[PDB]
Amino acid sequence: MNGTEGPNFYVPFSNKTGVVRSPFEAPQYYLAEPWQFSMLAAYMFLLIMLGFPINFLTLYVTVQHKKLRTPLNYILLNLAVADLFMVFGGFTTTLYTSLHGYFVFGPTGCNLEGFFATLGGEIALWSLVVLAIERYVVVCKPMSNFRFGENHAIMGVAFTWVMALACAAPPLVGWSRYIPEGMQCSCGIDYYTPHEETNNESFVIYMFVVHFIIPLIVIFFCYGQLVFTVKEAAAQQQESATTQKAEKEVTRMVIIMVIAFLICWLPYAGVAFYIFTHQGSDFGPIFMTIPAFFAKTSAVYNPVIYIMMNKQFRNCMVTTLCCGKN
C-alpha cells in the first residue's frame, strides 16, 4: 500500500507512519518539502504574471481595433476567455493554497476550483479543435457555395462551451468526482482512483475517447487537409513566390499547432492510460503534478502561438502597447 484514502480525497502517500492528514485539514509537508510548495507557488505566480497580461490584452485590443472583430476571430477570443478561467479559477487559488500547504477551501471549494479550472482548460481544448475545423472549412472549401459568417462563428463558440460542460459538469453530480491532485493543493478530475460509487472507469474511457482521441483525429484530418490544399495550390502556381511562402509558413504553423496540442494534453492522456493499463501503481504527488504543469502552461503558450503569432493581433497589440501607435 502506498496511498491513503478518505471520504473525498486520495493522498498519494502511505499512512503506515500515521503522519498523513486530510488535504482539506492540514499541511502536506510529508509528501513534499515546504520549499517545493513554494516552487509550486512560484510556478503559479509565473503563469499569472505572464498568463493574465497575454490573455487580457487579447480581449482589450479586440475592443479597440475594429478589424479584429471578425467572425473567424471569435474562437480566438474564446480561447483567451478560456485561458482566463484557468487563470482565476485555477492559478490564483493554487497560489493561495500552495502557500498554506494544502487545499484550505475544503471539499466544496475543491468542487468549484476543479470545475472552473477544468471548464477553462476544456473550452481552450475544444476551441483549438473548432479553429482547425473552421480553417479547414474556409480554406479547403469542402462544401459548394458555403460562406462562413457570424452565425457559424457563434455555433462554433457554443459548441465548445457545451463540450466543456460535457466534461466538467458530470463529476459534480455522480459521474467521476473532483479531488485534490498531485501535491493536494489544487483539485482535478479523479481519473487515477478506482472509485466505483462514481464510475470513474467509464468516465476515464469517455474522457480519453471523446475528449482526447476525437479532438486529436479532427485536428489531424483538418490541418492535414489544409497542408494538402496549400501544397497543391502552390505546385500549380510555382510562378508565384508569395504562394510558395504561404505554403511554407502554413506548414510551419501546422507543425507548431499540432506539436503544441500534443505537449499540452498528451501527458494527461498518457498518464491516465498507464494507470488504466497498470491498475494500482505507486504514483507520487510530484509526478502526478506533471500533467497539470503541461496543461496549465498552455494558458501562456497557446496565445503565443494563436494570438501573438497572428500578424493582425500582433500589429494591433504593438500599436496598443506603444501608446498611440507604431
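By rigid core we mean the largest C-alpha set that fits within 1.5 Å across both forms. From 1 onward, residues are counted along the sequence shown.
J.: If the other structures are each fit on the rigid core, which stretch ends up farther away in C-alpha terms in 4 other deposited structures of this protein, 80-88 or 191-199?
T.: Of the two stretches, the larger average C-alpha offset in 4 other deposited structures of this protein falls on 191-199.
J.: If you line up the core and then measure how far each C-alpha sits from this form in 4 other deposited structures of this protein, which stretch comes out higher, 178-186 or 220-228?
T.: Between 178-186 and 220-228, the one lying farther away in 4 other deposited structures of this protein is 220-228.
J.: Quick one: higher average CA temperature factor, 41-49 or 274-282?
T.: Here the higher of the two C-alpha B-factor means belongs to 274-282.
J.: Which is higher on average in the deposited entry, the C-alpha temperature factors of 31-39 or of 285-293?
T.: Per the deposited B-factors, the answer is 285-293.
J.: Pull the Cα B-factor of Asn78 out of the PDB entry and bin it into the chain's lowest, middle or highest third.
T.: Lowest third.
J.: So where's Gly90 on the chain's Cα temperature factor ranking, which third?
T.: Middle third.
J.: Within this chain, which third does the Cα B-factor at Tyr96 fall in: lowest, middle or highest?
T.: CA B-factor rank for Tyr96: lowest third.
J.: Quick check on the deposited entry: does the C-alpha B-factor of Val300 sit in the lowest, middle or highest third of its chain?
T.: For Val300, the deposited C-alpha B-factor lands in the lowest third.
J.: Can you tell me whether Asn2 has a C-alpha B-factor in the lowest, middle or highest third compared with the other modelled residues of the same chain?
T.: According to the entry, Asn2 has a C-alpha B-factor in the chain's highest third.
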